[PDB]
There are 2 protein chains.
Amino acid sequence: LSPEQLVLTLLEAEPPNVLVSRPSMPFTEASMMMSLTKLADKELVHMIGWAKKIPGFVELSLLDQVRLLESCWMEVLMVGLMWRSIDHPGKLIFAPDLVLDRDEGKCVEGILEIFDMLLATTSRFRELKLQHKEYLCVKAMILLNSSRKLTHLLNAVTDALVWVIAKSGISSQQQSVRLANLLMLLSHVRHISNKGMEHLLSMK
Amino acid sequence: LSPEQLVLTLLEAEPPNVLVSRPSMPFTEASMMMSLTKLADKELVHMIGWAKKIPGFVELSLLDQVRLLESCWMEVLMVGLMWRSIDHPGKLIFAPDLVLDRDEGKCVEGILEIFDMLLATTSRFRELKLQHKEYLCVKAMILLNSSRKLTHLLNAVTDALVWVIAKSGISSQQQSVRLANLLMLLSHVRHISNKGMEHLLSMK
Ligand SMILES: CCCCN(C)C(=O)CCCCCCCCCC[C@@H]1Cc2cc(O)ccc2[C@H]2CC[C@]3(C)[C@@H](O)CC[C@H]3[C@H]12
Ligand SMILES: CCCCN(C)C(=O)CCCCCCCCCC[C@@H]1Cc2cc(O)ccc2[C@H]2CC[C@]3(C)[C@@H](O)CC[C@H]3[C@H]12
Ligand code: NI
Ligand code: NI
Ligand code: NI
Ligand code: NI
């Protein structure tokens, strides 16, 4: 498979959006957590089908498959949330009809800071002018950077990210730099996922 | 400062080694933890002077300075340990005269698995044929990838890593790939540092 072809299959593998909605009345700690939780449940179902569409993922052992989805699922969700909210300052686009204002974060104890960390990282991706095609490779690298067919798969995604950056036309050095900047941003997603998780544990 | 000049100052900023030694008798949980702990203490002193030699680090606010050293110190220590043990399968080179066999890990409860994670990541760096000059930039990127003079500093280190990879002579695409592989290895160091820390907490 060529890089371009790898990208095209990732593009077609995007999960469908989820059918949700904001309760008409003002959010409460209960209804906001109820909404986020139902949303994630449906996204988690679609995430499994998405990973199965990544070229070579189903050829991995069932155990490795489950292992990857299990250890980086909050990260895959957050980066999708960031991509969706990239062009909307102060807003988190959890789902097409589940758009939350930053200030709504005070509706839940301790979610405000997590919202703020998501908004900041999203702003960095915006400043970097992240492209939708680079978002697809970066998302697949989060799921896979955790040995043999796996390393092969990661390499393929990496060559697909490099091909996408080459098509932007900047210089060779600026292409390396851009690569380094995209990858260093994923470690920020890792950090916010760890805090979001602890935020969940203490909560439920 | 040119990339080459940035590298040369990092090279001269390497901390001096520490004066330590193995107790003559066979290690016990107490004497192994005593040795590791004294070693780290002295390395932690030298780490502070090293960071102060990174071009632009002292111009950062005192608060940011302390913040960086405080959040990624175990990572900077582990990557130095990995570099030192790169050419020695089954051995962790904690210090010139503090060389531990893998099997000595059973001398302390729960250290065996941490030793094993360090040895595995070290083997990956060996397979990648990590160069000492790339090790210097990667180490400085761990300390700095955590806004303005900081971003400037990180960019400078990144351009220094890219310059070092260009001098290896591989193709443009293989240079991007190599960059992506070095950076993805640092996230493994992050993970082992988290486990080593928890291992310490539960312990002391
Ligand atoms: C997909 C395969 C893995 C499935 N496995 C093994 C699992 O364990 C899944 C476990 C399901 C966990 C149920 C809880 C659902 C998570 C909802 C996340 C909830 C909804 C959500 C949705 C997104 O699309 C992105 C981020 C987020 C989270 C960001 C961080 C928040 C704001 C935290 O601060 C509190 C609420 C969290 C948000
Ligand atoms: C430098 C500025 C930061 C200083 N600050 C704010 C601090 O808090 C420093 C705190 C000092 C912590 C004291 C404990 C010393 C750490 C010794 C680490 C101990 C020695 C050591 C030395 C290395 O050069 C590399 C890794 C390592 C660790 C690897 C992971 C191990 C094997 C764990 O599984 C148990 C022992 C750990 C090893
Ligand atoms: Ni569905
Ligand atoms: Ni939009
Ligand atoms: Ni000294
Ligand atoms: Ni050696």
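In the text below, chain A, chain B and the rest are named by the order of the sequence lines, each starting its count at 1. The figures that follow rest on heavy atoms only: side chains count, while hydrogens, waters and symmetry mates do not.
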Query raised in the report: Can you check side chain to side chain donor-acceptor pair (under 3.5 Å) on A:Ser123 and A:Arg126, steps first, answer last?
Result: CA-CA 5 Å; A:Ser123 316; A:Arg126 173 204 307 117; 3.2 Å; yes

Look at the side chain of [X] and the backbone N and O of [Y], then say whether any donor-acceptor pair between them is shorter than 3.5 Å.
| X | Y | value |
| --- | --- | --- |
| B:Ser35 | B:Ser31 | yes |
| B:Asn181 | B:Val177 | yes |
| A:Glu75 | A:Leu143 | no |
| A:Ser168 | A:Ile165 | yes |
| B:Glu70 | B:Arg67 | no |
| B:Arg84 | B:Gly80 | yes |

Query - Which atom of A:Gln65 lies closest to which atom of A:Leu60, heavy atoms considered - result: NE2-O, 2.8 Å

Query - Partner residues of B:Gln131 under the side-chain hydrogen bond (donor to acceptor under 3.5 Å, both in side chains) criterion, sequence neighbours left out - result: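 In terms of side-chain hydrogen bond (donor to acceptor under 3.5 Å, both in side chains), with neighbours along the sequence ignored, B:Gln131 is linked to no residue.
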
Query raised in the report: Does B:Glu14 come within less than 4.0 Å of B:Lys139, counting only side-chain N to carboxylate O?
Result: yes

Requested in this report: Please work out which of the three classes, parallel, tilted or perpendicular, describes the rings of A:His132 and A:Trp83, given edges at 30° and 60°.
Outcome: tilted

Requested in this report: Evaluate the salt bridge (charged side-chain N to carboxylate O under 4.0 Å, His left out) criterion for residues A:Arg102 and A:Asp116: first the C-alpha distance (whole Å), next the side-chain angles of each, then the deciding distance (0.1 Å), finally the verdict.
Outcome: CA-CA 7 Å; A:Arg102 178 269 188 201; A:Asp116 284 333; 2.9 Å; yes

Query raised in the report: When A:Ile93 is tested against each of A:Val99, A:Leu100, A:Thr122, A:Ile86 for side chain to side chain contact (heavy atoms under 4.5 Å, CB included), which residue passes?
Result: A:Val99

Query - B:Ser172 and A:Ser172 side chains, donor-acceptor separation under 3.5 Å - result: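 A donor-acceptor contact under 3.5 Å links the two side chains.
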
